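Colleague: First, the structure itself, so that you have it in front of you.
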Amino acid sequence: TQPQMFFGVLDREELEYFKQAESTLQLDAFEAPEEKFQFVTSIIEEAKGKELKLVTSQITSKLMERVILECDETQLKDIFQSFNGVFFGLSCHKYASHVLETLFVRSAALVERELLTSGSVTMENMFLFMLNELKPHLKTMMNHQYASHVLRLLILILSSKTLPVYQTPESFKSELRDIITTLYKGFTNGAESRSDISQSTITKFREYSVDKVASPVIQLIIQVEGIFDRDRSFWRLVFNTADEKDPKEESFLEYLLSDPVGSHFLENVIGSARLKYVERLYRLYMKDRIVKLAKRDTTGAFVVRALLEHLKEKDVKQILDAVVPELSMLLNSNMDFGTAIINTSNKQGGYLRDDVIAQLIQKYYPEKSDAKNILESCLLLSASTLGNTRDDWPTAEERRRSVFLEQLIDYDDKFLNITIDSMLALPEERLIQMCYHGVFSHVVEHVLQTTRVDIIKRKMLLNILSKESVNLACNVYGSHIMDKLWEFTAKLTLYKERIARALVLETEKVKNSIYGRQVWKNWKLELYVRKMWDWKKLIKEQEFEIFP
RNA sequence: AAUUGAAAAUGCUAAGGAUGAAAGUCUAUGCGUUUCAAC
């Protein structure tokens with residue numbers, strides 16, 4: 001019982017033609033867009049009849065995706081129609097399922113357009129035809145390594161959510177209900193009420209909740225079923241409602257809290273289920289062991305984080321009372337968790353702020369150390385991507401450390417001051433390298449908070465940054481730093497004049513760069529050149545605008 | 001404006017299927033190796 005996924009092969013002539021056509025289309029060396037459209041139409045004309053062969057070959061599936069993205073709307077409807085009949089088979093194909101994903105996103109966009117203009121309802125009907133094609137295969141798709149992706153995308157589209165957001169006719173809401181009900185029928189044998197559900201079916205569905213392929217689909221369904229099913233049938237198929245613990249449910253919960261797929265399943269459903277059901281799970285199976293779970297950084301930590309992010313204030317504060325003392329340990333092996341804990345503390349009116357500040361100070365910027373620097377204890381700057389000769393991009397550990405340092409800077413002024421001092425202690429060429437970095441740039445950008453930085457630090461920072469005005473403005477990352485400097489130079493009009501003159505000196509290079517044009521706009525240098533006095537008046541207005 | 005693949009080359013096998021009176025031959029949708037691609 002396997003659907004047909006082979007539809008013939010192309011001979012070497014066609015393969016060579018389509019390789020050359022993909023190269024030509026990828027270079028995008030066409031002058032007028034009409035030439036590009038005519039070339040796309042030529043590729044489509046040569047691709048007539050061969051659609052099934054093209055989308056099922058690893059050599060030409062990418063070209064088909066490009067063509068689906070670049071063609072017009074009539075050609076899009078043609079390509080959509082040519083797949084008719086074999087949608088399930090294509091969605092079970094390793095390379096064709098991706099083509100189906102591209103096609104379905106573009107076609108959802110087109111259905112949104114035709115819904116908010118002249119109700120053509122042609123694309124809508126093609127979508128309904130493919131959905132009815134797939135409806136007798138939904139349970140199978142849910143467990144398939146490639147078709148489950150297509151099913152998840154279809155559920156996203158139908159429930160109007162962010163695709164990797166478009167409006168949907170009411171037919172799409174009905175089709176969503178159809179898909180969800182069909183799957184529920186397929187997992188409840190023939191039970192006509194929830195009292196008829198057997199314990200064996202519940203056991204097998206929990207098995208699916210832990211399956212690496214089905215679990216994302218179960219999460220999405222649990223999330224979106226509240227749109228039409230007030231009773232949350234799929235939720236009730238996983239967890240109980242009794243006010244007391246259940247041995248089967250307790251073993252299932254203790255398995256979720258120790259398995260990666262299960263922990264992420266629980267993390268995801270926690271944020272999309274009813275608050276009362278989540279509170280029940282917390283009270284029955286988690287309230288007593290919060291610390292032990294919070295230390296499980298690959299499993300239960302995600303659940304504790306979701307609890308901190310989605311519970312009521314009393315329970316959030318109890319969890320913070322449990323967790324904050326362990327923050328120094330947690331940050332050694334799970335910095336995203338610590339950043340979340342600090343963020344939650346801050347959003348809860350700075351709850352337990354003093355203990356957090358003490359732990360962070362003693363761990364990252366102690367007073368007794370001689371050469372204290374928070375860029376070296378947090379970002380590990382000396383052993384980082386910064387200033388390397390080879391073309392290595394910034395890593396993920398650097399990105400999470402930068403997020404953490406920025407969380408500290410937004411948590412208390414002590415960390416903003418510490419970061420500014422640490423920056424001024426580097427050799428200024430290293431700070432300028434930070435300004436040019438992909439991830440560390442944000443860190444620099446984050447200390448440019450005008451009302452929170454005393455005037456002397458602003459003067460030192462501004463003198464360091466002004467010498468590289470033109471080079472920063474024309475840079476992808478430094479241009480945002482210059483934009484922040486526009487406001488950062490408040491009571492320091494002489495640095496405004498210095499940066500303005502510096503940019504005007506190389507006006508030509510500044511305007512040739514795109515970011516240079518953006519900085520030219522944001523600093524309003526046209527008013528500086530044309531009428532200096534209106535520029536000074538704008539500056540004098542901004543001064544008392546920032547400092548009243 | 002920040003491990004998998006019906007991919008190539010080259011080999012192994014012939015259950016099923018084709019042919020044959022039989023022997024045999026052909027055929028991979030089963031496989032080895034070296035590349036290629038992707039995540």
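As shown in the structure tokens, the chain order sets the letters A, B, ...; within each chain, residues go from 1, and ligands are also counted from 1 in the order they appear.
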Give the alpha helix (DSSP H) residues of range 102-287 of chain A, as assigned by DSSP on the backbone, as a CSV table (one decimal) with C-alpha atoms, in the first residue's frame.
Modeller:
```csv
chain,number,residue,atom,x,y,z
A,102,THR,CA,6.6,26.1,-2.2
A,103,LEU,CA,3.6,25.7,-4.5
A,104,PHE,CA,1.1,25.6,-1.6
A,105,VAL,CA,2.5,28.7,0.0
A,106,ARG,CA,2.4,30.7,-3.2
A,107,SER,CA,-1.1,29.4,-4.0
A,108,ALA,CA,-2.3,30.3,-0.5
A,109,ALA,CA,-1.0,33.8,-1.2
A,110,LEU,CA,-2.9,33.8,-4.5
A,111,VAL,CA,-6.1,32.6,-2.8
A,112,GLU,CA,-5.8,35.5,-0.4
A,113,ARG,CA,-5.4,37.9,-3.3
A,114,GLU,CA,-8.4,36.5,-5.2
A,115,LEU,CA,-10.4,36.6,-2.0
A,122,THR,CA,-10.6,29.1,-9.2
A,123,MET,CA,-7.5,28.7,-7.0
A,124,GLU,CA,-9.8,28.1,-4.0
A,125,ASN,CA,-11.4,25.2,-5.8
A,126,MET,CA,-8.1,23.7,-6.8
A,127,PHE,CA,-7.0,23.9,-3.2
A,128,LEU,CA,-10.2,22.2,-2.1
A,129,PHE,CA,-9.7,19.5,-4.7
A,130,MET,CA,-6.2,18.7,-3.4
A,131,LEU,CA,-7.4,18.8,0.2
A,132,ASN,CA,-10.1,16.3,-0.7
A,133,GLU,CA,-7.4,14.2,-2.5
A,134,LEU,CA,-5.4,14.1,0.7
A,138,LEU,CA,-4.2,12.0,6.6
A,139,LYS,CA,-3.3,9.4,9.3
A,140,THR,CA,-0.6,8.1,6.9
A,141,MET,CA,0.7,11.5,6.1
A,142,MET,CA,1.0,12.3,9.9
A,147,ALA,CA,4.4,14.0,3.9
A,148,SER,CA,4.0,15.1,7.6
A,149,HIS,CA,5.8,18.4,6.6
A,150,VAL,CA,3.2,18.9,3.8
A,151,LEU,CA,0.4,18.2,6.3
A,152,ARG,CA,1.8,20.7,8.8
A,153,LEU,CA,2.2,23.3,6.2
A,154,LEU,CA,-1.4,22.7,5.1
A,155,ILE,CA,-2.7,23.1,8.6
A,156,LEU,CA,-0.7,26.3,9.1
A,157,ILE,CA,-2.2,27.7,5.8
A,158,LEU,CA,-5.7,26.7,6.7
A,170,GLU,CA,-14.5,30.3,5.3
A,171,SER,CA,-14.0,27.3,3.2
A,172,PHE,CA,-10.5,27.1,4.6
A,173,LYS,CA,-11.8,27.1,8.2
A,174,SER,CA,-14.2,24.3,7.2
A,175,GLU,CA,-11.4,22.3,5.6
A,176,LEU,CA,-9.3,22.7,8.7
A,177,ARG,CA,-12.2,21.3,10.8
A,178,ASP,CA,-12.5,18.4,8.2
A,179,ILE,CA,-8.9,17.5,8.5
A,180,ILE,CA,-8.8,17.6,12.3
A,181,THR,CA,-12.1,15.6,12.5
A,182,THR,CA,-10.8,13.0,10.0
A,183,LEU,CA,-7.6,12.5,12.1
A,184,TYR,CA,-9.6,12.3,15.3
A,185,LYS,CA,-11.8,9.6,13.8
A,186,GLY,CA,-8.7,7.8,12.6
A,187,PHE,CA,-7.2,7.7,16.1
A,199,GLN,CA,-7.0,3.0,27.5
A,200,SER,CA,-5.2,1.3,24.6
A,201,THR,CA,-6.0,4.0,22.1
A,202,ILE,CA,-4.8,6.6,24.7
A,203,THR,CA,-1.6,4.7,25.1
A,204,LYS,CA,-1.0,4.5,21.4
A,205,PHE,CA,-1.7,8.2,20.9
A,206,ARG,CA,0.8,9.1,23.7
A,207,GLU,CA,3.3,6.9,21.8
A,208,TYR,CA,2.6,9.2,18.8
A,209,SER,CA,3.0,12.3,21.0
A,210,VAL,CA,6.6,11.1,21.5
A,215,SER,CA,4.8,14.9,17.5
A,216,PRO,CA,5.1,18.3,15.6
A,217,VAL,CA,1.8,17.5,13.9
A,218,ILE,CA,0.1,16.6,17.2
A,219,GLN,CA,1.5,19.9,18.7
A,220,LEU,CA,0.1,21.9,15.8
A,221,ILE,CA,-3.3,20.2,16.1
A,222,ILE,CA,-3.5,20.7,19.9
A,223,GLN,CA,-2.6,24.3,19.3
A,224,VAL,CA,-5.2,25.1,16.6
A,233,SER,CA,-10.7,16.7,22.0
A,234,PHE,CA,-7.0,16.1,20.9
A,235,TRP,CA,-5.9,17.6,24.3
A,236,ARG,CA,-8.2,15.2,26.2
A,247,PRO,CA,-0.4,6.1,37.4
A,248,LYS,CA,-0.5,5.9,33.6
A,249,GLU,CA,-0.6,9.7,33.3
A,250,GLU,CA,2.1,10.1,35.9
A,251,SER,CA,4.4,7.6,34.1
A,252,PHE,CA,3.7,9.4,30.8
A,253,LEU,CA,4.5,12.8,32.4
A,254,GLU,CA,7.7,11.5,33.9
A,255,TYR,CA,8.7,10.2,30.5
A,256,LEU,CA,7.9,13.5,28.8
A,260,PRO,CA,13.9,15.5,24.3
A,261,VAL,CA,11.0,15.0,21.8
A,262,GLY,CA,8.6,14.7,24.8
A,263,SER,CA,10.0,17.8,26.6
A,264,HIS,CA,9.7,19.9,23.4
A,265,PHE,CA,6.2,18.5,22.9
A,266,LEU,CA,5.2,19.5,26.4
A,267,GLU,CA,6.9,22.9,26.0
A,268,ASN,CA,4.9,23.6,22.8
A,269,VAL,CA,1.5,22.5,24.1
A,270,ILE,CA,1.9,24.4,27.3
A,275,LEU,CA,-4.4,27.9,31.3
A,276,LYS,CA,-6.4,25.7,33.7
A,277,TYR,CA,-5.2,22.4,32.1
A,278,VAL,CA,-1.6,23.6,32.3
A,279,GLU,CA,-2.1,24.7,35.9
A,280,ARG,CA,-3.5,21.2,36.6
A,281,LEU,CA,-0.4,19.5,35.1
A,282,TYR,CA,1.8,21.9,37.1
A,283,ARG,CA,0.1,21.2,40.4
A,284,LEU,CA,-0.1,17.5,40.0
A,285,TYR,CA,3.2,16.5,38.4
```
Colleague: Extract, using only C-alpha atoms (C1' of nucleotides), all DNA, RNA and protein residues at most 12 Å from residue 32 in chain B, discarding same-chain residues fewer than 4 positions from it, and format them as a list in words.
Modeller: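 Using only C-alpha atoms (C1' of nucleotides), the neighbours found are residues 10, 11, 12 and 13 of chain B.
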Colleague: Would you please work out which residue, of A:197, A:290, A:529, A:47, is nearest to residue 315 in chain A when using only C-alpha atoms?
Modeller: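 Smallest distance to residue 315 in chain A is found for A:290.
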Colleague: Kindly provide, as JSON, numbers by chain, the residues of chain A having any atom no farther than 8 Å from an atom of chain B, counting only C-alpha atoms (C1' of nucleotides).
Modeller: {"A": [6, 57, 58, 59, 94, 438, 476, 477, 514, 515, 518]}
Colleague: Would you put the residues from that selection into a file with N, CA, C and O atoms, as a short mmCIF file (atom, residue, chain, number, x, y, z; two decimals), in the first residue's frame?
Modeller:
```
data_model
loop_
_atom_site.label_atom_id
_atom_site.label_comp_id
_atom_site.auth_asym_id
_atom_site.auth_seq_id
_atom_site.Cartn_x
_atom_site.Cartn_y
_atom_site.Cartn_z
N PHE A 6 7.11 7.38 -8.80
CA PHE A 6 8.00 7.39 -9.95
C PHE A 6 7.16 7.65 -11.19
O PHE A 6 6.12 7.02 -11.38
N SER A 57 12.90 14.64 -9.47
CA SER A 57 14.33 14.43 -9.65
C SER A 57 15.11 15.44 -8.82
O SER A 57 14.82 16.64 -8.88
N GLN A 58 16.10 14.95 -8.08
CA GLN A 58 16.93 15.84 -7.27
C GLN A 58 17.69 16.85 -8.12
O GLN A 58 18.14 17.87 -7.59
N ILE A 59 17.81 16.60 -9.42
CA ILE A 59 18.56 17.51 -10.28
C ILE A 59 17.70 18.69 -10.72
O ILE A 59 18.22 19.79 -10.93
N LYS A 94 10.85 12.55 -1.51
CA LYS A 94 11.85 13.32 -0.76
C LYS A 94 12.03 14.72 -1.32
O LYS A 94 12.09 15.70 -0.56
N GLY A 438 29.17 40.56 12.97
CA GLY A 438 27.80 40.19 12.66
C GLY A 438 26.91 40.10 13.89
O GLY A 438 25.75 40.52 13.86
N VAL A 476 27.13 47.42 6.71
CA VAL A 476 25.82 46.81 6.95
C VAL A 476 25.46 46.86 8.42
O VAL A 476 24.30 47.10 8.79
N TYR A 477 26.44 46.66 9.30
CA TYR A 477 26.18 46.64 10.74
C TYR A 477 26.43 48.00 11.38
O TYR A 477 25.67 48.41 12.27
N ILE A 514 24.34 51.92 -0.04
CA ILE A 514 22.93 51.98 0.31
C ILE A 514 22.76 52.37 1.78
O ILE A 514 21.97 53.26 2.13
N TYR A 515 23.52 51.72 2.66
CA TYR A 515 23.48 52.08 4.07
C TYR A 515 23.96 53.51 4.28
O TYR A 515 23.47 54.20 5.18
N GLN A 518 21.01 55.55 3.77
CA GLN A 518 20.11 55.47 4.93
C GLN A 518 20.60 56.35 6.08
O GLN A 518 19.80 57.06 6.71
#
```
Colleague: Write out as a list in words each polymer residue whose atoms come within 10 Å of residue 336 in chain A, counting only C-alpha atoms (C1' of nucleotides); drop sequence neighbours fewer than 3 positions from it.
Modeller: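 The filter keeps residues 297, 301, 302, 305, 330, 331, 333, 339, 340, 341, 342, 397, 400, 401, 403 and 404 of chain A.
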Colleague: Now that the selection is made, can you save its residues with C-alpha atoms as a PDB file, in the first residue's frame?
Modeller:
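The file below, again06.pdb, is the result:
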```pdb
ATOM      1  CA  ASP A 297      19.045  21.160  30.540  1.00  0.00           C
ATOM      2  CA  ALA A 301      14.527  22.797  31.383  1.00  0.00           C
ATOM      3  CA  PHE A 302      12.379  23.651  28.352  1.00  0.00           C
ATOM      4  CA  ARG A 305      10.942  27.728  30.895  1.00  0.00           C
ATOM      5  CA  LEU A 330      22.320  27.010  35.366  1.00  0.00           C
ATOM      6  CA  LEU A 331      24.309  29.585  33.386  1.00  0.00           C
ATOM      7  CA  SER A 333      25.533  24.730  30.841  1.00  0.00           C
ATOM      8  CA  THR A 339      18.527  34.546  29.980  1.00  0.00           C
ATOM      9  CA  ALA A 340      14.891  33.432  30.163  1.00  0.00           C
ATOM     10  CA  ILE A 341      14.992  33.432  33.981  1.00  0.00           C
ATOM     11  CA  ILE A 342      16.401  36.966  34.073  1.00  0.00           C
ATOM     12  CA  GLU A 397      27.398  30.256  21.290  1.00  0.00           C
ATOM     13  CA  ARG A 400      23.453  33.328  22.804  1.00  0.00           C
ATOM     14  CA  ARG A 401      26.162  34.981  24.921  1.00  0.00           C
ATOM     15  CA  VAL A 403      21.661  37.818  23.868  1.00  0.00           C
ATOM     16  CA  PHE A 404      22.566  37.149  27.515  1.00  0.00           C
TER      17      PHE A 404
END
```
Colleague: Pick from A:272, A:462, A:257, A:90: nearest to residue 292 in chain A, with only C-alpha atoms counted?
Modeller: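 Smallest separation from residue 292 in chain A among the options: A:257.
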